[PDB]
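Here is upload-v7.cif, consisting of mmCIF, C-alpha atoms:
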```cif
data_structure
loop_
_atom_site.group_PDB
_atom_site.id
_atom_site.type_symbol
_atom_site.label_atom_id
_atom_site.label_comp_id
_atom_site.auth_asym_id
_atom_site.auth_seq_id
_atom_site.Cartn_x
_atom_site.Cartn_y
_atom_site.Cartn_z
ATOM 1 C CA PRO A 85 0.000 0.000 0.000
ATOM 2 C CA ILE A 86 1.143 3.567 -0.767
ATOM 3 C CA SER A 87 -0.113 6.955 0.418
ATOM 4 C CA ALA A 88 -2.544 9.215 -1.401
ATOM 5 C CA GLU A 89 0.298 11.726 -1.813
ATOM 6 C CA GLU A 90 2.420 9.048 -3.450
ATOM 7 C CA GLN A 91 -0.396 7.989 -5.790
ATOM 8 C CA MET A 92 -1.022 11.597 -6.724
ATOM 9 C CA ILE A 93 2.648 12.248 -7.584
ATOM 10 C CA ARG A 94 2.784 9.066 -9.667
ATOM 11 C CA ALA A 95 -0.315 10.214 -11.560
ATOM 12 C CA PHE A 96 1.160 13.665 -12.257
ATOM 13 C CA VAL A 97 4.360 12.131 -13.597
ATOM 14 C CA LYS A 98 2.535 9.656 -15.845
ATOM 15 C CA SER A 99 0.115 12.300 -17.180
ATOM 16 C CA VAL A 100 3.005 14.648 -18.034
ATOM 17 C CA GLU A 101 4.920 11.795 -19.690
ATOM 18 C CA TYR A 102 1.901 11.440 -22.006
ATOM 19 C CA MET A 103 1.156 15.145 -22.593
ATOM 20 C CA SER A 104 4.677 16.526 -23.059
ATOM 21 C CA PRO A 105 5.825 14.603 -26.211
ATOM 22 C CA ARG A 106 2.366 15.264 -27.683
ATOM 23 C CA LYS A 107 2.561 19.017 -26.845
ATOM 24 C CA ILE A 108 -0.789 18.850 -25.068
ATOM 25 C CA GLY A 109 -1.130 21.979 -22.943
ATOM 26 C CA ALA A 110 -1.869 21.390 -19.258
ATOM 27 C CA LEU A 111 -2.269 23.591 -16.175
ATOM 28 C CA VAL A 112 -2.574 21.924 -12.755
ATOM 29 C CA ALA A 113 -2.550 23.904 -9.479
ATOM 30 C CA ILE A 114 -2.181 22.104 -6.139
ATOM 31 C CA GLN A 115 -3.535 23.806 -3.036
ATOM 32 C CA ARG A 116 -1.108 23.869 -0.111
ATOM 33 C CA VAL A 117 -1.522 26.066 2.989
ATOM 34 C CA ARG A 118 -3.236 29.053 1.364
ATOM 35 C CA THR A 119 -6.778 28.179 0.289
ATOM 36 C CA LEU A 120 -7.509 28.300 -3.451
ATOM 37 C CA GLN A 121 -11.277 28.226 -2.871
ATOM 38 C CA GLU A 122 -11.810 31.599 -4.563
ATOM 39 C CA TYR A 123 -10.337 30.138 -7.778
ATOM 40 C CA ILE A 124 -12.046 26.770 -7.341
ATOM 41 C CA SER A 125 -15.378 28.622 -7.394
ATOM 42 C CA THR A 126 -14.708 29.591 -11.042
ATOM 43 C CA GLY A 127 -14.125 26.026 -12.306
ATOM 44 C CA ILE A 128 -16.227 23.082 -13.438
ATOM 45 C CA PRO A 129 -16.888 20.817 -10.409
ATOM 46 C CA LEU A 130 -15.559 17.250 -10.634
ATOM 47 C CA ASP A 131 -14.560 16.369 -7.027
ATOM 48 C CA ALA A 132 -12.847 13.323 -8.503
ATOM 49 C CA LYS A 133 -10.137 10.887 -7.460
ATOM 50 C CA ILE A 134 -6.824 11.628 -9.197
ATOM 51 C CA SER A 135 -5.503 9.316 -11.898
ATOM 52 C CA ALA A 136 -3.116 9.806 -14.778
ATOM 53 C CA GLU A 137 -5.889 8.709 -17.159
ATOM 54 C CA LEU A 138 -8.390 11.316 -15.922
ATOM 55 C CA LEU A 139 -5.771 14.082 -16.065
ATOM 56 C CA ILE A 140 -4.939 13.117 -19.650
ATOM 57 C CA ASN A 141 -8.631 12.962 -20.617
ATOM 58 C CA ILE A 142 -9.189 16.428 -19.122
ATOM 59 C CA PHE A 143 -6.499 18.073 -21.255
ATOM 60 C CA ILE A 144 -7.179 16.394 -24.609
ATOM 61 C CA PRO A 145 -7.665 19.409 -26.896
ATOM 62 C CA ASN A 146 -11.089 20.647 -28.030
ATOM 63 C CA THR A 147 -12.917 19.020 -25.130
ATOM 64 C CA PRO A 148 -15.290 20.741 -22.665
ATOM 65 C CA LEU A 149 -12.727 20.468 -19.823
ATOM 66 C CA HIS A 150 -9.306 21.317 -21.317
ATOM 67 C CA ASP A 151 -9.199 25.145 -21.093
ATOM 68 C CA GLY A 152 -8.103 26.709 -17.823
ATOM 69 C CA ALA A 153 -6.707 25.269 -14.625
ATOM 70 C CA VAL A 154 -7.276 21.974 -12.893
ATOM 71 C CA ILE A 155 -7.230 22.659 -9.140
ATOM 72 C CA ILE A 156 -6.215 19.869 -6.721
ATOM 73 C CA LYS A 157 -7.393 20.066 -3.106
ATOM 74 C CA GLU A 158 -6.973 17.285 -0.507
ATOM 75 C CA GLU A 159 -5.826 14.718 -3.118
ATOM 76 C CA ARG A 160 -8.884 15.246 -5.322
ATOM 77 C CA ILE A 161 -9.452 17.110 -8.576
ATOM 78 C CA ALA A 162 -11.857 19.694 -7.256
ATOM 79 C CA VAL A 163 -12.436 21.469 -10.582
ATOM 80 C CA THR A 164 -11.219 21.899 -14.118
ATOM 81 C CA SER A 165 -11.246 25.045 -16.219
ATOM 82 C CA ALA A 166 -10.632 27.388 -13.287
ATOM 83 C CA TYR A 167 -9.477 30.964 -13.828
ATOM 84 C CA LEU A 168 -6.118 31.897 -12.254
ATOM 85 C CA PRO A 169 -4.609 35.408 -12.043
ATOM 86 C CA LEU A 170 -2.327 36.182 -14.976
ATOM 87 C CA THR A 171 1.071 37.721 -14.323
ATOM 88 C CA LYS A 172 2.371 40.628 -16.387
ATOM 89 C CA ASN A 173 4.574 39.285 -19.189
ATOM 90 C CA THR A 174 6.653 42.288 -20.280
ATOM 91 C CA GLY A 175 9.828 41.099 -22.020
ATOM 92 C CA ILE A 176 8.819 37.422 -21.672
ATOM 93 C CA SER A 177 9.890 35.165 -24.530
ATOM 94 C CA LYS A 178 7.181 34.541 -27.109
ATOM 95 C CA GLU A 179 7.446 30.784 -26.400
ATOM 96 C CA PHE A 180 5.538 31.065 -23.104
ATOM 97 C CA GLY A 181 1.785 31.230 -23.097
ATOM 98 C CA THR A 182 -1.326 31.955 -21.079
ATOM 99 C CA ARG A 183 -0.796 28.797 -19.002
ATOM 100 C CA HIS A 184 2.624 30.028 -17.865
ATOM 101 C CA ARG A 185 1.160 33.458 -17.028
ATOM 102 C CA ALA A 186 -1.528 31.767 -14.900
ATOM 103 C CA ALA A 187 0.970 29.539 -13.063
ATOM 104 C CA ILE A 188 3.314 32.441 -12.365
ATOM 105 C CA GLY A 189 0.464 34.715 -11.324
ATOM 106 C CA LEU A 190 -0.912 32.132 -8.888
ATOM 107 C CA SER A 191 2.538 31.575 -7.364
ATOM 108 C CA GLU A 192 2.843 35.318 -6.672
ATOM 109 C CA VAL A 193 -0.238 35.352 -4.392
ATOM 110 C CA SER A 194 -0.229 31.884 -2.811
ATOM 111 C CA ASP A 195 1.970 28.968 -1.789
ATOM 112 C CA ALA A 196 0.344 26.715 -4.364
ATOM 113 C CA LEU A 197 2.388 24.253 -6.417
ATOM 114 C CA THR A 198 1.426 24.651 -10.072
ATOM 115 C CA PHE A 199 2.770 22.790 -13.096
ATOM 116 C CA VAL A 200 2.392 23.404 -16.804
ATOM 117 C CA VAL A 201 2.887 21.441 -20.006
ATOM 118 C CA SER A 202 3.406 23.882 -22.872
ATOM 119 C CA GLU A 203 1.080 23.625 -25.843
ATOM 120 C CA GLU A 204 3.836 25.345 -27.830
ATOM 121 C CA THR A 205 6.926 23.278 -27.000
ATOM 122 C CA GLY A 206 5.808 20.432 -24.724
ATOM 123 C CA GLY A 207 8.121 21.917 -22.089
ATOM 124 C CA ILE A 208 7.447 21.046 -18.463
ATOM 125 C CA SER A 209 7.525 23.790 -15.821
ATOM 126 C CA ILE A 210 6.609 24.348 -12.179
ATOM 127 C CA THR A 211 5.887 27.480 -10.183
ATOM 128 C CA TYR A 212 6.206 27.690 -6.422
ATOM 129 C CA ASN A 213 6.517 30.681 -4.065
ATOM 130 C CA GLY A 214 7.068 33.057 -6.971
ATOM 131 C CA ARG A 215 9.827 30.944 -8.577
ATOM 132 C CA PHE A 216 9.556 29.695 -12.169
ATOM 133 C CA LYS A 217 11.392 26.465 -13.014
ATOM 134 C CA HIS A 218 11.131 25.683 -16.701
ATOM 135 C CA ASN A 219 12.275 23.208 -19.345
ATOM 136 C CA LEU A 220 12.385 20.433 -16.744
ATOM 137 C CA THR A 221 13.090 16.853 -17.663
ATOM 138 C CA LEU A 222 10.476 14.404 -16.483
ATOM 139 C CA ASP A 223 12.876 13.235 -13.768
ATOM 140 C CA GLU A 224 13.635 16.804 -12.613
ATOM 141 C CA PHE A 225 9.872 17.464 -12.571
ATOM 142 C CA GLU A 226 9.285 14.408 -10.369
ATOM 143 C CA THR A 227 12.138 15.500 -8.063
ATOM 144 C CA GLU A 228 10.561 18.949 -7.618
ATOM 145 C CA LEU A 229 7.127 17.438 -6.865
ATOM 146 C CA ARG A 230 8.598 15.140 -4.228
ATOM 147 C CA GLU A 231 10.739 17.842 -2.609
ATOM 148 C CA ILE A 232 7.677 20.081 -2.133
ATOM 149 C CA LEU A 233 4.831 17.603 -1.554
ATOM 150 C CA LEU A 234 6.882 15.025 0.411
ATOM 151 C CA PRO A 235 9.464 17.229 2.164
ATOM 152 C CA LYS A 236 10.566 14.240 4.321
ATOM 153 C CA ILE B 86 -32.862 20.329 -8.377
ATOM 154 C CA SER B 87 -32.918 16.697 -7.252
ATOM 155 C CA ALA B 88 -29.829 14.569 -7.777
ATOM 156 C CA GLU B 89 -31.878 12.377 -10.122
ATOM 157 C CA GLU B 90 -33.053 15.352 -12.189
ATOM 158 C CA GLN B 91 -29.513 16.750 -12.472
ATOM 159 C CA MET B 92 -28.188 13.349 -13.492
ATOM 160 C CA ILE B 93 -30.850 12.869 -16.188
ATOM 161 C CA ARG B 94 -30.118 16.339 -17.616
ATOM 162 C CA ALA B 95 -26.416 15.441 -17.811
ATOM 163 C CA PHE B 96 -27.140 12.107 -19.545
ATOM 164 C CA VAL B 97 -29.358 13.800 -22.120
ATOM 165 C CA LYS B 98 -26.884 16.607 -22.861
ATOM 166 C CA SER B 99 -23.977 14.158 -23.157
ATOM 167 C CA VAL B 100 -25.968 12.068 -25.664
ATOM 168 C CA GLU B 101 -27.011 15.214 -27.595
ATOM 169 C CA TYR B 102 -23.271 15.731 -28.204
ATOM 170 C CA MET B 103 -22.202 12.140 -28.793
ATOM 171 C CA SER B 104 -25.025 10.773 -30.968
ATOM 172 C CA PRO B 105 -24.634 13.086 -34.028
ATOM 173 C CA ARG B 106 -20.870 12.555 -33.741
ATOM 174 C CA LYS B 107 -21.176 8.737 -33.637
ATOM 175 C CA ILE B 108 -19.123 8.668 -30.438
ATOM 176 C CA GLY B 109 -19.546 5.283 -28.765
ATOM 177 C CA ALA B 110 -20.717 5.415 -25.165
ATOM 178 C CA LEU B 111 -21.748 2.830 -22.581
ATOM 179 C CA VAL B 112 -23.197 4.036 -19.255
ATOM 180 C CA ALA B 113 -24.544 1.613 -16.631
ATOM 181 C CA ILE B 114 -26.576 2.965 -13.714
ATOM 182 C CA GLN B 115 -26.720 0.871 -10.552
ATOM 183 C CA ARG B 116 -30.226 0.416 -9.143
ATOM 184 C CA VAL B 117 -31.086 -2.183 -6.479
ATOM 185 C CA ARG B 118 -28.575 -4.889 -7.495
ATOM 186 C CA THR B 119 -25.012 -3.934 -6.648
ATOM 187 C CA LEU B 120 -22.530 -3.700 -9.511
ATOM 188 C CA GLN B 121 -19.425 -3.866 -7.304
ATOM 189 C CA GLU B 122 -17.957 -6.834 -9.217
ATOM 190 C CA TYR B 123 -17.928 -4.712 -12.356
ATOM 191 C CA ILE B 124 -16.951 -1.469 -10.637
ATOM 192 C CA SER B 125 -13.833 -3.284 -9.411
ATOM 193 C CA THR B 126 -12.620 -3.690 -13.042
ATOM 194 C CA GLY B 127 -12.788 0.049 -13.927
ATOM 195 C CA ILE B 128 -10.732 3.175 -13.271
ATOM 196 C CA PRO B 129 -11.840 4.881 -10.017
ATOM 197 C CA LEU B 130 -13.236 8.400 -10.468
ATOM 198 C CA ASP B 131 -15.941 8.809 -7.785
ATOM 199 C CA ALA B 132 -16.776 12.045 -9.584
ATOM 200 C CA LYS B 133 -19.713 14.448 -9.709
ATOM 201 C CA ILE B 134 -21.869 13.739 -12.762
ATOM 202 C CA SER B 135 -21.828 16.410 -15.448
ATOM 203 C CA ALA B 136 -22.426 16.449 -19.165
ATOM 204 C CA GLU B 137 -18.948 17.977 -19.616
ATOM 205 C CA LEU B 138 -17.243 15.109 -17.788
ATOM 206 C CA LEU B 139 -19.357 12.451 -19.575
ATOM 207 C CA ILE B 140 -18.406 13.977 -22.928
ATOM 208 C CA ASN B 141 -14.699 14.208 -21.992
ATOM 209 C CA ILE B 142 -14.653 10.546 -20.831
ATOM 210 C CA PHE B 143 -15.917 9.136 -24.141
ATOM 211 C CA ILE B 144 -13.837 11.201 -26.589
ATOM 212 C CA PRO B 145 -12.354 8.596 -29.000
ATOM 213 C CA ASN B 146 -8.775 7.359 -28.525
ATOM 214 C CA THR B 147 -8.441 8.709 -24.985
ATOM 215 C CA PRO B 148 -7.415 6.792 -21.841
ATOM 216 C CA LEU B 149 -10.923 6.716 -20.283
ATOM 217 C CA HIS B 150 -13.099 6.052 -23.323
ATOM 218 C CA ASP B 151 -12.926 2.248 -23.631
ATOM 219 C CA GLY B 152 -15.402 0.308 -21.551
ATOM 220 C CA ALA B 153 -18.351 1.174 -19.362
ATOM 221 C CA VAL B 154 -18.948 4.121 -17.099
ATOM 222 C CA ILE B 155 -20.751 2.916 -13.959
ATOM 223 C CA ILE B 156 -22.952 5.336 -12.033
ATOM 224 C CA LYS B 157 -23.557 4.632 -8.349
ATOM 225 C CA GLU B 158 -25.505 6.903 -5.988
ATOM 226 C CA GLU B 159 -25.380 9.779 -8.499
ATOM 227 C CA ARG B 160 -21.592 9.733 -8.920
ATOM 228 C CA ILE B 161 -19.460 8.422 -11.747
ATOM 229 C CA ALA B 162 -17.918 5.552 -9.805
ATOM 230 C CA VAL B 163 -15.586 4.300 -12.547
ATOM 231 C CA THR B 164 -14.927 4.475 -16.252
ATOM 232 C CA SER B 165 -13.412 1.729 -18.399
ATOM 233 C CA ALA B 166 -15.249 -1.109 -16.629
ATOM 234 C CA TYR B 167 -15.879 -4.560 -18.093
ATOM 235 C CA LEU B 168 -19.513 -5.721 -18.277
ATOM 236 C CA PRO B 169 -20.575 -9.289 -19.147
ATOM 237 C CA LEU B 170 -21.388 -9.840 -22.815
ATOM 238 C CA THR B 171 -24.671 -11.524 -23.611
ATOM 239 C CA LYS B 172 -24.840 -14.830 -25.471
ATOM 240 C CA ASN B 173 -28.311 -14.035 -26.825
ATOM 241 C CA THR B 174 -27.554 -15.429 -30.348
ATOM 242 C CA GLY B 175 -30.000 -13.348 -32.387
ATOM 243 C CA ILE B 176 -28.557 -9.823 -32.373
ATOM 244 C CA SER B 177 -28.282 -7.945 -35.660
ATOM 245 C CA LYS B 178 -24.929 -6.846 -37.067
ATOM 246 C CA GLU B 179 -26.079 -3.245 -36.476
ATOM 247 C CA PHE B 180 -25.353 -3.743 -32.762
ATOM 248 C CA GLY B 181 -21.831 -4.216 -31.459
ATOM 249 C CA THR B 182 -19.805 -4.914 -28.345
ATOM 250 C CA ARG B 183 -21.261 -2.017 -26.347
ATOM 251 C CA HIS B 184 -24.761 -3.358 -27.018
ATOM 252 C CA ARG B 185 -23.775 -6.902 -26.076
ATOM 253 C CA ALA B 186 -22.347 -5.565 -22.798
ATOM 254 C CA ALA B 187 -25.519 -3.597 -22.068
ATOM 255 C CA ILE B 188 -27.674 -6.626 -22.819
ATOM 256 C CA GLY B 189 -25.453 -8.924 -20.774
ATOM 257 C CA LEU B 190 -25.565 -6.622 -17.753
ATOM 258 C CA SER B 191 -29.356 -6.333 -17.920
ATOM 259 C CA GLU B 192 -29.611 -10.143 -17.837
ATOM 260 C CA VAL B 193 -27.952 -10.396 -14.388
ATOM 261 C CA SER B 194 -28.950 -7.096 -12.715
ATOM 262 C CA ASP B 195 -31.693 -4.463 -12.588
ATOM 263 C CA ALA B 196 -29.221 -1.809 -13.860
ATOM 264 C CA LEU B 197 -30.327 0.783 -16.378
ATOM 265 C CA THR B 198 -27.728 0.911 -19.147
ATOM 266 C CA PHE B 199 -27.609 3.183 -22.169
ATOM 267 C CA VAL B 200 -25.474 3.007 -25.296
ATOM 268 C CA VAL B 201 -24.569 5.347 -28.122
ATOM 269 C CA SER B 202 -23.484 3.331 -31.134
ATOM 270 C CA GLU B 203 -20.118 4.229 -32.569
ATOM 271 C CA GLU B 204 -21.258 2.840 -35.941
ATOM 272 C CA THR B 205 -24.579 4.711 -36.312
ATOM 273 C CA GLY B 206 -24.976 7.137 -33.407
ATOM 274 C CA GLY B 207 -28.130 5.259 -32.417
ATOM 275 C CA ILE B 208 -29.331 5.484 -28.817
ATOM 276 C CA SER B 209 -30.435 2.415 -26.897
ATOM 277 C CA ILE B 210 -31.297 1.324 -23.388
ATOM 278 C CA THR B 211 -31.343 -2.035 -21.632
ATOM 279 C CA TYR B 212 -33.346 -2.677 -18.452
ATOM 280 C CA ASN B 213 -34.564 -5.971 -16.915
ATOM 281 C CA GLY B 214 -33.973 -8.075 -20.041
ATOM 282 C CA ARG B 215 -35.537 -5.580 -22.462
ATOM 283 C CA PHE B 216 -33.599 -3.862 -25.245
ATOM 284 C CA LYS B 217 -35.017 -0.584 -26.582
ATOM 285 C CA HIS B 218 -33.026 0.563 -29.581
ATOM 286 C CA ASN B 219 -32.938 3.399 -32.133
ATOM 287 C CA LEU B 220 -34.534 5.819 -29.672
ATOM 288 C CA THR B 221 -34.998 9.452 -30.564
ATOM 289 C CA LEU B 222 -33.490 11.898 -28.092
ATOM 290 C CA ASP B 223 -36.950 12.627 -26.714
ATOM 291 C CA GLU B 224 -37.765 8.923 -26.372
ATOM 292 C CA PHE B 225 -34.430 8.404 -24.592
ATOM 293 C CA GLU B 226 -35.167 11.163 -22.076
ATOM 294 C CA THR B 227 -38.696 9.782 -21.498
ATOM 295 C CA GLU B 228 -37.326 6.304 -20.734
ATOM 296 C CA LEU B 229 -34.701 7.671 -18.338
ATOM 297 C CA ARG B 230 -37.379 9.673 -16.565
ATOM 298 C CA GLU B 231 -39.851 6.787 -16.350
ATOM 299 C CA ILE B 232 -37.259 4.388 -14.920
ATOM 300 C CA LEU B 233 -35.113 6.678 -12.719
ATOM 301 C CA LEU B 234 -37.473 9.340 -11.309
#
```
Translate the structure of the given file into structure tokens.
Amino acid sequence: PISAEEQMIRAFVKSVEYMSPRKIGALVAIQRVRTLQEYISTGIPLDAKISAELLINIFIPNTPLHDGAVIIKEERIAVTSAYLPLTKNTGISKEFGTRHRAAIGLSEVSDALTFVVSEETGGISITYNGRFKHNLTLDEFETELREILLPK
Amino acid sequence: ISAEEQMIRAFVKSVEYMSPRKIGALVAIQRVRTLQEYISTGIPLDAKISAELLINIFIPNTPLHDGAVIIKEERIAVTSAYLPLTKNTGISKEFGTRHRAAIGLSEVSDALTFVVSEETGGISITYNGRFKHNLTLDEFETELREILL
């Protein structure tokens, strides 16, 4: 048996392994200490158990659920399609998109852990406490998730 | 506002999208007889029912789309579940594996199951050994309402 936190990290890694080489855009915000309820209220309610397969199905392009942010709360997908604050992007390379602006903006006003798969490049990135970590390998991505979510 | 009313609205809207697009769908609704043996074969979601989620689940060539969705107590309990296929012999070529699963489940349970054919977009329902096929959208909604409400 393995924890819900462990299962959730495994699901994130597997979903990103699928989405990145396919350049499927994804935006997943994980609530930590600071409540994300104000943003959850803007999404489509799922209140679903997390699996790699559901995360992939959510982000498949041109589906009712793929635009906007998935928000995770207490090891459940509370909503999809939530609206996150967008950071100002003066001077930012053209390669980054609205998903990166939403992840950075959320990290500037909360302690949430947010990750992005770029629709433009398939790049993997994470925001946390105002820091932007981009062009991660899958293994570096997993290491960041574990360091933050399992700070053992 | 009832859970049953909300669930029926979501079924109807999901089928309004899938039927003209010939998107195959297989949704089994637990009634009195428990479907736990089949739920155990699927991918756990335990999710609120919405038309948006039902549509997203069944999009072709996606991880969740193969197999049956099973509804339990007005949640999506699982997707991708295996149902028993009927051995009823006389079933036309028009009907495929989703239909045989719906028929097979109705033979051994009081579940209400509906199917959208991936070959024709046709809508059908199985319930208590009966097979109602080629329903119009309005006939489909009427059956759901008669059986579930």
Mind running chain B against chain A at 9 Å and telling me each contacting residue's nearest atom pair with the distance in Å (one decimal), counting all atoms listed in the file, chain and number ascending, as CSV?
```
residue,atom,partner,partner_atom,distance
B:128,CA,A:135,CA,8.2
B:129,CA,A:133,CA,6.7
B:130,CA,A:133,CA,5.0
B:131,CA,A:132,CA,5.5
B:132,CA,A:132,CA,4.3
B:133,CA,A:130,CA,5.1
B:134,CA,A:130,CA,7.5
B:135,CA,A:130,CA,7.9
B:137,CA,A:148,CA,5.5
B:138,CA,A:149,CA,7.3
B:140,CA,A:148,CA,7.5
B:141,CA,A:147,CA,6.0
B:142,CA,A:141,CA,6.5
B:143,CA,A:141,CA,9.0
B:144,CA,A:147,CA,8.0
B:147,CA,A:141,CA,6.1
B:148,CA,A:137,CA,5.3
B:149,CA,A:137,CA,6.3
B:150,CA,A:141,CA,8.7
B:161,CA,A:132,CA,8.8
```
Residue 89 (chain A) environment, 12 Å, all atoms listed in the file, sequence neighbours closer than 4 positions dropped, as a PyMOL selection string: chain A and resi 85+93-96+114+133-135+156-160+229-230+232-235
Can you list what the PyMOL selection byres ((chain A and resi 109) around 12) grabs from this structure, as a short mmCIF file (atom, residue, chain, number, x, y, z; two decimals) with C-alpha atoms, keeping the file's coordinate frame?
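The result, stored in expr03.cif:
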```
data_model
loop_
_atom_site.label_atom_id
_atom_site.label_comp_id
_atom_site.auth_asym_id
_atom_site.auth_seq_id
_atom_site.Cartn_x
_atom_site.Cartn_y
_atom_site.Cartn_z
CA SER A 99 0.12 12.30 -17.18
CA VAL A 100 3.00 14.65 -18.03
CA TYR A 102 1.90 11.44 -22.01
CA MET A 103 1.16 15.14 -22.59
CA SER A 104 4.68 16.53 -23.06
CA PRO A 105 5.82 14.60 -26.21
CA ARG A 106 2.37 15.26 -27.68
CA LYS A 107 2.56 19.02 -26.84
CA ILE A 108 -0.79 18.85 -25.07
CA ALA A 110 -1.87 21.39 -19.26
CA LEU A 111 -2.27 23.59 -16.18
CA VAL A 112 -2.57 21.92 -12.76
CA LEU A 139 -5.77 14.08 -16.07
CA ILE A 140 -4.94 13.12 -19.65
CA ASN A 141 -8.63 12.96 -20.62
CA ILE A 142 -9.19 16.43 -19.12
CA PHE A 143 -6.50 18.07 -21.26
CA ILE A 144 -7.18 16.39 -24.61
CA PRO A 145 -7.66 19.41 -26.90
CA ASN A 146 -11.09 20.65 -28.03
CA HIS A 150 -9.31 21.32 -21.32
CA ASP A 151 -9.20 25.14 -21.09
CA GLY A 152 -8.10 26.71 -17.82
CA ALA A 153 -6.71 25.27 -14.62
CA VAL A 154 -7.28 21.97 -12.89
CA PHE A 180 5.54 31.06 -23.10
CA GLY A 181 1.78 31.23 -23.10
CA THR A 182 -1.33 31.96 -21.08
CA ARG A 183 -0.80 28.80 -19.00
CA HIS A 184 2.62 30.03 -17.86
CA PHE A 199 2.77 22.79 -13.10
CA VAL A 200 2.39 23.40 -16.80
CA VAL A 201 2.89 21.44 -20.01
CA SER A 202 3.41 23.88 -22.87
CA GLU A 203 1.08 23.62 -25.84
CA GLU A 204 3.84 25.34 -27.83
CA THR A 205 6.93 23.28 -27.00
CA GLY A 206 5.81 20.43 -24.72
CA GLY A 207 8.12 21.92 -22.09
CA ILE A 208 7.45 21.05 -18.46
CA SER A 209 7.52 23.79 -15.82
#
```
Compile the contact shell of region 112-119 of chain B as a PyMOL selection string: residues with an atom at most 7 Å away, counting all atoms listed in the file, same-chain residues fewer than 5 positions apart removed. chain B and resi 153-157+194-200
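If you look at CA of residue 213 (chain B) and CA of residue 124 (chain B), they are 19.2 Å away from each other.
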Which residues would end up in the selection if the PyMOL selection byres ((chain B and resi 104) around 8) were applied here, given that I need the answer as a ChimeraX atom specification? /B:100-103,105-108,201-202,206-208
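Considering the residues B:212, B:96, B:123, B:180 and counting all atoms listed in the file, residue 168 (chain B) has its shortest atom-to-atom contact with B:123.
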Evaluate the PyMOL selection byres ((chain B and resi 95) around 8) on the structure here and hand back the selected residues as a ChimeraX atom specification. /B:91-94,96-99,134-136,139
Quick one: residues within 7 Å of residue 214 (chain A), all atoms listed in the file counted, chain neighbours fewer than 3 positions away excluded, as number ranges by chain? A: 188, 191-192, 211
